[PDB]
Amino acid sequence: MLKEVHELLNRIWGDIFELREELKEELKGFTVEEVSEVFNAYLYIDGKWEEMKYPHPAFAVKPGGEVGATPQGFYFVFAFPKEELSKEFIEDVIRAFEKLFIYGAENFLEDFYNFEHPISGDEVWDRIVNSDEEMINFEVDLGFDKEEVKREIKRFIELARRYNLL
């Protein structure tokens, strides 16, 4: 257990330090900040949101972005003001990414879309319109696939550009 767990922890942190430098170089035009430690975030494990009282690594990508890793693997998330969004963007993002979550201020509490129990894009938009949430987060989870983090961030940025979001 210990040898395997030590290796996994070195992978989580080593991969994010590496990815930060890579995206700093590659995402020109975006301000890419340093890796920091995030405590008390929740993750969706085996059908339930569970709090991580331990830290996990993440770095900001402005505006409104974060890239990081948890024991599940890499993720990125971008937050946009509700008034900038539209039903069509919501529909497009749902079709564009596999392990997608769309949520308000708290992922464990204000879930608009969870890919594990998917609903229609129209229903997602209705939930957003009828909510008390100003900032809407779009998170894509990727396991430990470095090629996919790079490609999916690129696809996300390109989709966002179409809607004048990034």
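Heads up: residue numbers just count along the shown sequence, starting at 1.
Peer 1: For the C-alpha atoms alone, is the average B factor greater in 94 to 102 or in 42 to 50, going by the entry?
Peer 2: Per the PDB record, 42 to 50.
Peer 1: Going by the B-factors listed in the PDB entry, is the mean over the C-alpha atoms higher for 7 to 15 or for 150 to 158?
Peer 2: Taking the mean C-alpha B-factor of 7 to 15 and of 150 to 158, the larger value falls to 7 to 15.
Peer 1: Please pick out which of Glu26, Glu123, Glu66, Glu139 has the largest Cα B-factor as recorded in the entry.
Peer 2: Result of the comparison over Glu26, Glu123, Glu66, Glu139: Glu123.
Peer 1: Pull the Cα B-factor of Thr31 out of the PDB entry and bin it into the chain's lowest, middle or highest third.
Peer 2: CA B-factor rank for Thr31: lowest third.
Peer 1: Going by the entry, which third of its chain does the Cα temperature factor of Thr70 land in?
Peer 2: Its C-alpha B-factor belongs to the lowest third of this chain's values.
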